[PDB]
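Under our numbering, the residue at position 160 of the sequence shown is numbered 161, and the numbers go up by one with no gaps.
Cβ coordinates follow ideal geometry from the N, Cα and C atoms, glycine included.
Since the structure comes first, as structure tokens, the remarks are kept for the end.
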Amino acid sequence: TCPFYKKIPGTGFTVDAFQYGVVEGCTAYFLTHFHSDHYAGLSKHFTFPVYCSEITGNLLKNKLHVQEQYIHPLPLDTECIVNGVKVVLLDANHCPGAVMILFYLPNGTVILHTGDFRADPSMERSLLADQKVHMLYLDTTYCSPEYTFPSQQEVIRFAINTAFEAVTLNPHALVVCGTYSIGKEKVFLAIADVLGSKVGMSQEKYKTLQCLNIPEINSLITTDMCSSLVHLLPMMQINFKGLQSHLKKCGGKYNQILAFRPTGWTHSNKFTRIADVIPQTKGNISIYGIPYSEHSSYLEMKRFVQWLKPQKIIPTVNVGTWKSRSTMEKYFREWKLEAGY
Ligand code: NI
């Protein structure tokens with residue numbers, strides 16, 4: 002049974018609600034982004050209208066085989082009418098194709114559903130600038146002040162400089178980057194660009210990347226592993242055993258691996274600056290955990306909400322425990338008292 006925070010009152014609509022069977026009253030199912038917790042339940046046998054971005058719709062058709070007649074892609078930053086209700090899709094600054102959805106209810110209420118997002122000050126000059134929002138369905142993944150991490154630009158600077166130094170010292174080093182979903186493609190594309198290489202990967206991952214509308218992608222990636230000195234591997238293989246095994250397969254071309262695991266936040270963020278990050282090393286293998294986030298930090302979240310001034314907030318993450326729910330409610334009240342709305 003579909004939970005309340007996935008339903009949009011006053012409409013036939015649900016958001017990211019595909020794992021509940023046929024939802025009673027739903028005439029259109031919105032999908033914010035192609036992450037498995039959110040698409041869970043979609044397959045080629047699905048027969049209701051799915052509304053999403055162009056990029057999400059590429060992935061639904063090619064990766065999950067949803068039939069074309071049920072895929073309804075909408076352009077961003079554009080007022081569209083869906084089953085009699087005005088909607089807008091906005092870039093969520095999460096993974097490729099991720100959106101926030103603005104719903105203009107027939108009674109005059111305005112609802113923003115953030116999906117998954119990384120709040121940015123640029124959002125204060127989107128179509129959100131122009132009107133009041135009554136209800137906010139909020140990505141509260143990191144809603145506590147302990148969750149700090151650097152900008153994506155500082156993290157990429159660290160990675161580029163680390164990879165370039167290592168491979169210039171040793172032209173026989175291979176770089177490996179872990180992946181298990183879409184998102185975070187800047188990590189491996191920025192490192193391959195500094196090294197003058199394409200990125201090598203499996204046929205399955207190449208297929209996924211071909212759906213993403215990234216400019217000049219045919220110039221940046223390949224399935225020919227032998228021609229590439231940056232390889233992508235499943236995240237589960239980013240450990241000393243998995244990397245040892247991979248280096249064997251390279252036929253004595255390489256004699257060292259430098260590997261990256263982009264994580265979200267980890268408790269080593271509470272003590273260490275990005276500049277001071279060091280790897281775990283065993284012999285000729287080193288592994289860096291880098292804090293590349295596609296969700297808001299606490300301070301980015303707080304700034305966005307204090308700017309938007311919603312009348313009510315509905316969290317969409319961390320909703321299963323009373324302790325989480327109590328914590329989040331306290332922060333929302335502080336923010337409102339401090340700002341005056
Ligand atoms: Ni996500």
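- Using a Cβ-Cβ distance cut-off of 8 Å, the stretch 92-99 and the stretch 34-49 are in contact, since at least three pairs of beta carbons, one from each stretch, lie closer than that value.
- Taking C-alpha positions only, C178 is separated from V188 by approximately 8 Å.
- In the structure shown, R334 falls within a helical segment according to DSSP collapsed to helix, strand and coil.
- When the alpha-carbon of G265 is set against those of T180, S220, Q257, the nearest one is in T180.
- Nearest neighbour of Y105 by Cα position, chosen from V89, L210, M329, turns out to be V89.
- The beta carbon of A41 lies closer than 7 Å to those of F19, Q20 in the same chain, with the five residues before and after it left out.
- Taking the Cα of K87 as reference, the smallest distance to any Cα among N108, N319, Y342, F165 is reached at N108.
- The beta-carbon distance between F150 and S297, rounded to whole angstroms, is 10 Å. This is too long to meet the 8 Å contact definition.
- Using a Cβ distance threshold of 8 Å, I222 and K199 count as a contacting pair.
- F31: member of the beta strand (DSSP E) spanning 29-31, first to last residue.
- Proximity to the ligand NI was defined by a C-beta distance below 6 Å to any of its heavy atoms, and the residues meeting it, in sequence along the chain, are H34, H36, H95, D117.
- One alpha carbon belongs to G58, the other to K64, and they sit about 10 Å apart.
- Annotated three-state conformation of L137 is strand, per DSSP.
- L91 is bridged by DSSP to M101.
- Following the DSSP letters along the chain, one finds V111 inside the beta strand (DSSP E) bounded by residues 111-114.
- In the DSSP assignment, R262 falls within the unbroken beta strand (DSSP E) covering 257-264.
- For the 8 Å CB-CB criterion, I258 and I286 form a contact.
- Bridge pairing for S294: absent [DSSP].
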